[PDB]
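Included below are structure tokens for two forms of one protein chain, each presented in isolation as structure 1 and structure 2.
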Structure 1
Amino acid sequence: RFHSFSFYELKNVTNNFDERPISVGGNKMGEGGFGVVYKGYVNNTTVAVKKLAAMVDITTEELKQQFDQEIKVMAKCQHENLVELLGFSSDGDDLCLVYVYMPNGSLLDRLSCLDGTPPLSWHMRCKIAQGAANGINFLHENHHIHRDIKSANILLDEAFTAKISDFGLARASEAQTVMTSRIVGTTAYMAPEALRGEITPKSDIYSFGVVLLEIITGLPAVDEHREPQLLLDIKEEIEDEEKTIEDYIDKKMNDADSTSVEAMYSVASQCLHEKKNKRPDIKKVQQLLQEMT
């Protein structure tokens, strides 16, 4: 179970929600469409505090439903490859979620070496891939579709254990795929059918395939000042025999052998089937990654 903080704790331990980035003396550690994440301290524990906010176009009602989803999901799902929700504040007109602080931040930022952190070794990238898959597997076995799988939502503890975060968009799975009029996610990560409003766990797999390409290449999922602009189009250029995965391997690594890299790439490529029904389910992905080390 959880703890019910009021603001005055959360406000006051985040330097009154100091929105300046950590690196310039504030408390901001990251931000997304649904809020800003702040560094705080509760008792003797460093925490991450997410204060919700419509950073994109969405309703207060939608924010509140997302807040309630996250609690509901976290109340049911405890696992070492998921983040740990300590508690929340609903006090007044501002919603906060409090988590155990993750000392290595997001996988997106570590693949970028943001703030000067050292590149991830191939050995740690394999541990991260296996961990994220274990976490997704746990969600699907508990009949939850994540719907927002991306490197920004994979956090890393001091041993680089991968932790899936951000469950406000999650949905129960079951019978047959369902459709919604509200299309959510980050387009560079999204499966075809999810772009069309279909809700299905197969879309989590596709998104995980993109994360695996990020892990192998260190490239961003989308980059305007790059060609191609979309990472997932790398599969088409390798499949057309123009290039090979080795042309794209991240150079900021000295411990990556061709055989394990091709094994990871092969998994990513299966995940990235445009046809939803040709993709491996998460159990299969998990086993493929286990066989790879």
Structure 2
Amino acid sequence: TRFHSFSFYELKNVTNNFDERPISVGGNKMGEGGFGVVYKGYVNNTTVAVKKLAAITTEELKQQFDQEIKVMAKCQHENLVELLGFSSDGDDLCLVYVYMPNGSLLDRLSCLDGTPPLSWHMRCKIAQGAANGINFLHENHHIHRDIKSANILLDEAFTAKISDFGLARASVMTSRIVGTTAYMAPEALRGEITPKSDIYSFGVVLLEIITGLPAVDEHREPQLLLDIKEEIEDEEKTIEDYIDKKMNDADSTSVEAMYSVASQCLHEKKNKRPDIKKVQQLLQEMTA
């Protein structure tokens, strides 16, 4: 697959000079990370998302921009975001993607901008879709290294689409430890590079789908959502205590079936964790 080489001013045109005001206000800014700002645009009579990279050295940022392109050139799947083009220019790095009508999983779980809560049926399909996207990357010998709800984007049909490949690796140890701390496997925080870590991170994403809570809340007991696993095992709290109350269609059997998959993904021992193929098989058996 080949990408369109855009000019910074030819991208400044579609985003109305990268209007930093929100969409609701009438601007073009639709969100931010980690590591730049996602902007709304229209080009070839189609809506696009333009991410403007912000500088955590600028030489290391350029490497992630390059990794992104390399992975996006090789990998293409139904449950993966598609790269449209990029702007190289003089210290101005921008990536172009197709606009995701429903934004991110993080934002739909928090009902940001007054969006309706996701039903348990929509949540099961989003989890299945995301596991299919991770399956494609693991089959194509890639490790994402940053599986999180802000990187699981959603289209008009709520089709889960994995994004941000700026840290992905082919198929081990490393001195430069990267990823999101609230989602990292114990061994990943220790410098190991294994697709078994991507499973741990997906286990956190699943607890977010069950609870509607963020992975980390400094003003919460426990601060890390992955710790609720221990509270449940210790009978300190139940799964019912943690189930998102913003659902009317969540049956106790399939919620506990999804919790079982998350609990297994969240094993301390990377080898005692199921592979993405077992994850997909369990998530499929959950909608039966």
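Here, residue number means position along structure 1's sequence, counting from 1. Shifts are known only where both forms have a C-alpha. Each form is matched to the other, and the largest set of C-alpha atoms that superpose within 1.5 Å is called the rigid core.
Superposing on the rigid core, is the Cα displacement of residue 20 between the two structures 2 Å or more?
Yes, the C-alpha moves 2 Å or more.
Looking at residue 30, what is the CA displacement between the two structures after core superposition, in angstrom?
Core-aligned C-alpha shift comes out at 1.7 Å.
Once the core is aligned, what is the C-alpha displacement of residue 269 between the two structures? Give it in Å to one decimal.
With the rigid core fitted, the alpha carbon of residue 269 is displaced 0.5 Å between the two structures.
Aligning on the rigid core, what is the distance the CA of residue 243 moves between the two structures, in angstrom?
Reported C-alpha shift between the two structures: 2.0 Å at residue 243.
After superposing on the rigid core, which segments of 3 or more consecutive residues have every C-alpha shifted by 2 Å or more between the two structures?
The run that moves is 19 to 26, and no other.
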